[PDB]
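> One structure, pasted below without further comment.
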Amino acid sequence: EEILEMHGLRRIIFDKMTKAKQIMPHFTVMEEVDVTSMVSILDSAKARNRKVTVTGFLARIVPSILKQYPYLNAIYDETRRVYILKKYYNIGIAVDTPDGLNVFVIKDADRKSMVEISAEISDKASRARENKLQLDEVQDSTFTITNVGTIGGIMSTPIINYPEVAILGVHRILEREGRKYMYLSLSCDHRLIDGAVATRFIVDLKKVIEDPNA
Amino acid sequence: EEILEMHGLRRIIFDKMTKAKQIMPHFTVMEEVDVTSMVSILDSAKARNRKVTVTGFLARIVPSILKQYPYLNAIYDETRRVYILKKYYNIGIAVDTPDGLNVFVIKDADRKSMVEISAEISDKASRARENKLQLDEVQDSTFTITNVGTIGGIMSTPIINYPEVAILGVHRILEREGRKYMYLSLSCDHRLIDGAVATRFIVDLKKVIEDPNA
Amino acid sequence: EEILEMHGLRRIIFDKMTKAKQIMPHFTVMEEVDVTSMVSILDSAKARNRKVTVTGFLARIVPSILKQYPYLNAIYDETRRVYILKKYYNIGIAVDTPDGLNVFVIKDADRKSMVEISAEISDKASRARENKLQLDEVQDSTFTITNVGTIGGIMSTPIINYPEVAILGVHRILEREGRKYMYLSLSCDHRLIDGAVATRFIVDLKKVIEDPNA
């Protein structure tokens, strides 16, 4: 066998993790979403004004509900028993780059329209692959979203990006009967966030992918 | 952006949850259940009787299945080595108060009718929203159950209330095809609760909800 | 109320699990699989070929796909600094004993046929539930599987057999359309197995169960 060691980016992502759930107890909850009301909304706009990705539409909605539920847009400090509830919203996006999993951020997401946020993730991801991305662009994720759906998968239990307080898992689309379905999940620090309040969050969010007309 | 320090109640959970998935490695399972037979025994004793809730119900069945699966109801102590299994089954239950989440214990659930159990849940739940609960009433839980199935959600990897040795996760009543199913989840310390002996229990339970004609 | 502490097997697993989800942080993804082609492939081969098990079938394909993601067939280490990816494929498949859970290795599995495999898995099994098993047959698992779908449960968050770096949960099969599906959960270490690769693995498994023919 060939023993192989640890890298830079690999040593980072190793470390982020060994710590993330060294000190954040993970709770994870899910619902499903009648995404048919969603799915077509991109297809009509993928018709005129490419693009809006699935990643891209979600990041559009997610902030305005973290607005109602503040406990989820927050950070975990080393002053120990402490807080940082961030009022501004820069959301993280986990992408696969040939070296290892890289998180980056959408500058004030609660400001950007559908297309912009989607043109940006396009801008940064292929730039994230060619490993030419900059110090400021990977920093200050108040919250973060992980899509596996462009590969596959029903539902996962993702590990929260430290030191945020919450992460959200996008997955593959379904087709139950005869509507378009998809499972979403939520993982969080089960101390700064209850059971109930994590779930109360996903339903208010679900309701705006349920009703994009709201 | 805002700050602050860890609160009385919130801090008790903070510590409890860190010392939860800090000592106890988590294993969770999910089994689907047909609650159709259940739903209408809810709707029939909703009218000619009253109460007997989605929660208040399960609390009635669980203590007897724990009579068969002894490993599931014991609390984990100070000393490593030791386990202590308990022969007296009172279940704790997960109510969200305004002051943070709570766990009260309807005692010896094996000697109270679905009605008492579902009065006692609401009796105590109503007072839990004023933390006007007695220190006595929130004690000694051998097992615990948690209902987001009021607020929403189809699936969970929940956190065992420490020092108990497992937990059960109640969810939303999805209607697939023409009958009613809700997913259940059970997490537990996989040090004494094996791969099988977890599934074996939630598989034995799956029966009891799937025919309350028992 | 009964003390009862720790025995032989109980100690080996307790200790093995305490330390498992104590170093290795646990990310896990689920995929649903159309096993109708598999299931009918069993029954045509059961009416005449004595074998093959749900396990053993899965087990045959497993090493094939580890030969495509080098990372999942690996085992963690002493001094932190190291990782050792394994090149031969020995799949440890875990069944029940009377004392608790056991794991044993169906060794160099990429060579053996589905009939070959399933005869071995059922052999070592009835042995291990008699605790009549060699130090030999419990050697170098490069990768672990856990079928509780013989008991029930659509899914679980199975914890990786230490220090192997991936695991796979096998589950209860349910009829939908009604076609035939079950869920496939793969847990693993999130230090190496980035999100995308876990999924990229269990879409790459999901695709083989669905097309056993090309």
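Labeling convention for the structure tokens: chains A, B, ... as they appear, residues from 1 per chain, ligands from 1 in order of appearance.
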Apply DSSP to the backbone of this structure and, from chain B, keep only the residues in strand (DSSP E or B); write these as a PyMOL selection string.

chain B and resi 2+26-34+74-75+85+91-97+100-106+143-147+155-157+164+166-170+174+181-189

> Can I get the residues of chain C within 10 Å of chain B, each with the closest pair of atoms and their distance in Å to one decimal, using only C-alpha atoms, sorted chain first then ascending number, as a tab-separated table?


```
residue	atom	partner	partner_atom	distance
C:1	CA	B:86	CA	4.5
C:2	CA	B:85	CA	5.1
C:3	CA	B:84	CA	4.1
C:4	CA	B:84	CA	6.1
C:5	CA	B:82	CA	4.7
C:6	CA	B:81	CA	6.1
C:7	CA	B:81	CA	9.6
C:10	CA	B:192	CA	7.2
C:11	CA	B:191	CA	8.7
C:12	CA	B:191	CA	9.5
C:13	CA	B:191	CA	6.3
C:14	CA	B:191	CA	4.3
C:15	CA	B:191	CA	7.7
C:16	CA	B:191	CA	8.2
C:17	CA	B:191	CA	5.8
C:18	CA	B:25	CA	6.3
C:19	CA	B:25	CA	8.7
C:20	CA	B:25	CA	8.0
C:21	CA	B:25	CA	5.7
C:22	CA	B:25	CA	7.6
C:26	CA	B:26	CA	9.6
C:94	CA	B:195	CA	8.8
C:95	CA	B:196	CA	8.2
C:96	CA	B:196	CA	7.1
C:100	CA	B:194	CA	6.7
C:101	CA	B:194	CA	6.1
C:102	CA	B:194	CA	9.6
C:146	CA	B:195	CA	7.6
C:147	CA	B:195	CA	8.6
C:148	CA	B:196	CA	6.0
C:149	CA	B:199	CA	8.6
C:150	CA	B:196	CA	9.1
C:151	CA	B:200	CA	6.1
C:152	CA	B:203	CA	6.0
C:153	CA	B:31	CA	4.3
C:154	CA	B:31	CA	5.4
C:155	CA	B:30	CA	5.3
C:156	CA	B:29	CA	4.2
C:157	CA	B:28	CA	5.5
C:158	CA	B:27	CA	6.3
C:159	CA	B:27	CA	6.9
C:169	CA	B:195	CA	9.7
C:171	CA	B:31	CA	9.7
C:172	CA	B:31	CA	8.5
C:174	CA	B:32	CA	9.5
C:176	CA	B:177	CA	8.5
C:177	CA	B:177	CA	8.7
```

> Using DSSP on the backbone coordinates, identify all residues within chain B classified as helix (DSSP H, G or I); present the result as a ChimeraX atom specification.

/B:8-18,20-23,36-47,54-66,109-111,114-128,195-209

> Produce a file of the selected residues containing C-alpha atoms, as an mmCIF file, in the first residue's frame.


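To be explicit, this is the file written out as again-v8.cif:
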```
data_model
loop_
_atom_site.group_PDB
_atom_site.id
_atom_site.type_symbol
_atom_site.label_atom_id
_atom_site.label_comp_id
_atom_site.auth_asym_id
_atom_site.auth_seq_id
_atom_site.Cartn_x
_atom_site.Cartn_y
_atom_site.Cartn_z
ATOM 1 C CA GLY B 8 -29.313 30.280 32.913
ATOM 2 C CA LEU B 9 -31.638 27.843 31.041
ATOM 3 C CA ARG B 10 -29.951 28.094 27.644
ATOM 4 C CA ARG B 11 -26.611 27.409 29.424
ATOM 5 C CA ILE B 12 -27.942 24.232 31.038
ATOM 6 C CA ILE B 13 -28.760 22.932 27.591
ATOM 7 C CA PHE B 14 -25.482 24.312 26.175
ATOM 8 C CA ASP B 15 -23.489 22.249 28.720
ATOM 9 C CA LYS B 16 -25.869 19.242 28.471
ATOM 10 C CA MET B 17 -25.530 19.046 24.680
ATOM 11 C CA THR B 18 -21.766 19.407 24.646
ATOM 12 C CA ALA B 20 -24.143 14.753 25.178
ATOM 13 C CA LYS B 21 -22.286 14.130 21.810
ATOM 14 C CA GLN B 22 -19.026 14.652 23.710
ATOM 15 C CA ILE B 23 -19.281 11.415 25.735
ATOM 16 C CA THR B 36 -53.492 5.640 8.882
ATOM 17 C CA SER B 37 -54.770 3.141 11.434
ATOM 18 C CA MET B 38 -53.338 5.518 14.035
ATOM 19 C CA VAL B 39 -54.741 8.748 12.597
ATOM 20 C CA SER B 40 -58.401 7.737 12.914
ATOM 21 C CA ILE B 41 -58.070 6.353 16.466
ATOM 22 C CA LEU B 42 -56.877 9.935 16.999
ATOM 23 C CA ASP B 43 -59.902 11.330 15.164
ATOM 24 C CA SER B 44 -62.390 9.003 16.951
ATOM 25 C CA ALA B 45 -61.186 9.698 20.489
ATOM 26 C CA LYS B 46 -60.890 13.355 19.423
ATOM 27 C CA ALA B 47 -64.686 13.459 19.212
ATOM 28 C CA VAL B 54 -49.851 12.612 18.277
ATOM 29 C CA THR B 55 -47.330 13.010 21.115
ATOM 30 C CA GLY B 56 -49.552 11.913 24.035
ATOM 31 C CA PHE B 57 -50.167 8.742 22.099
ATOM 32 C CA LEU B 58 -46.636 7.499 21.469
ATOM 33 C CA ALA B 59 -45.822 8.192 25.043
ATOM 34 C CA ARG B 60 -48.339 5.454 25.866
ATOM 35 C CA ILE B 61 -46.844 2.740 23.675
ATOM 36 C CA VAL B 62 -43.113 3.300 24.197
ATOM 37 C CA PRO B 63 -42.752 2.153 27.812
ATOM 38 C CA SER B 64 -43.808 -1.450 27.026
ATOM 39 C CA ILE B 65 -41.349 -1.879 24.121
ATOM 40 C CA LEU B 66 -38.647 -0.612 26.413
ATOM 41 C CA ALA B 109 -46.039 6.011 31.614
ATOM 42 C CA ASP B 110 -46.919 2.319 31.816
ATOM 43 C CA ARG B 111 -49.668 3.088 34.323
ATOM 44 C CA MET B 114 -53.604 7.530 26.535
ATOM 45 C CA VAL B 115 -55.994 10.156 27.917
ATOM 46 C CA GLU B 116 -54.048 10.877 31.136
ATOM 47 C CA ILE B 117 -50.841 10.840 29.164
ATOM 48 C CA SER B 118 -52.292 13.312 26.689
ATOM 49 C CA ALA B 119 -53.799 15.465 29.413
ATOM 50 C CA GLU B 120 -50.626 15.332 31.467
ATOM 51 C CA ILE B 121 -48.615 16.357 28.341
ATOM 52 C CA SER B 122 -50.795 19.382 27.750
ATOM 53 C CA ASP B 123 -51.295 20.100 31.479
ATOM 54 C CA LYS B 124 -47.533 20.325 31.854
ATOM 55 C CA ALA B 125 -46.887 21.778 28.379
ATOM 56 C CA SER B 126 -49.326 24.693 29.088
ATOM 57 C CA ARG B 127 -47.444 25.475 32.274
ATOM 58 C CA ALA B 128 -44.048 24.931 30.555
ATOM 59 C CA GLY B 195 -26.530 -1.883 14.841
ATOM 60 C CA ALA B 196 -29.312 -4.433 15.081
ATOM 61 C CA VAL B 197 -30.687 -3.903 18.599
ATOM 62 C CA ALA B 198 -31.591 -0.321 17.643
ATOM 63 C CA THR B 199 -33.433 -1.214 14.434
ATOM 64 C CA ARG B 200 -35.000 -4.229 16.198
ATOM 65 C CA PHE B 201 -36.729 -1.895 18.654
ATOM 66 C CA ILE B 202 -37.973 0.724 16.204
ATOM 67 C CA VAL B 203 -38.978 -2.180 14.010
ATOM 68 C CA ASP B 204 -40.977 -3.746 16.867
ATOM 69 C CA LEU B 205 -42.514 -0.302 17.521
ATOM 70 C CA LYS B 206 -43.327 0.171 13.823
ATOM 71 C CA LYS B 207 -45.819 -2.698 14.392
ATOM 72 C CA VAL B 208 -47.563 -1.083 17.353
ATOM 73 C CA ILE B 209 -48.373 2.121 15.592
#
```

> Report, in Å with one decimal, the straight-line distance from CA of residue 180 in chain A to CA of residue 210 in chain C.

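Separation of CA of residue 180 in chain A and CA of residue 210 in chain C: 21.4 Å.
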